[PDB]
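Here the structure is laid out as structure tokens; the discussion comes afterwards.
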Amino acid sequence: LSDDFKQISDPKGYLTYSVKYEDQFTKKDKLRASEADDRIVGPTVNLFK
Amino acid sequence: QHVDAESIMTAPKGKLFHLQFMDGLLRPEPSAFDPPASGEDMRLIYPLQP
């Protein structure tokens, strides 16, 4: 009847983190942690270089 | 240079090798933030007199 709701898998928020790197350090080496945890920690760390 | 100790240790009693010290005093102090590096650098032969 009232089709009001659209299905989605990974939802985004109306807010997020925006960092600005002082490209002086950082290395760009995209830090390599474990594999299992690369995925859990995964992005947060990549973002917070 | 780098007088290899092989020889500084065992070479004719004459041979006049020209070893050479560094004069660190005008060395640049690593940027107060940058991350560290990890091999201490040393020297295994010191002049015995001033």
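Please treat every number below as a calculation from the coordinates, not as lab data. FYI the Cβ positions are ideal-geometry reconstructions off the backbone, even for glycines, and counts take in every protein chain you see.
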field: In sequence order, calculated HN-Hα J values of segment B:28-35 (Karplus, 6.51, -1.76, 1.60; Hz; x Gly/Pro)
entry: x, 6, x, 2, 2, 10, 1, x
- prompt: Could you give the distance between the Cα centres of segment A:21-49 and segment B:19-50, to the whole Å?
  reply: 32
query: Which Cα, out of B:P28, B:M42, B:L16, lies furthest along the positive dipole direction of chain B (beta carbon charges, K/R +1, D/E -1)?
result: B:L16
Gaussian network model of chain A, springs between alpha carbon atoms under 10 Å - residue of A:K28, A:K12, A:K20 with greatest fluctuation: A:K12
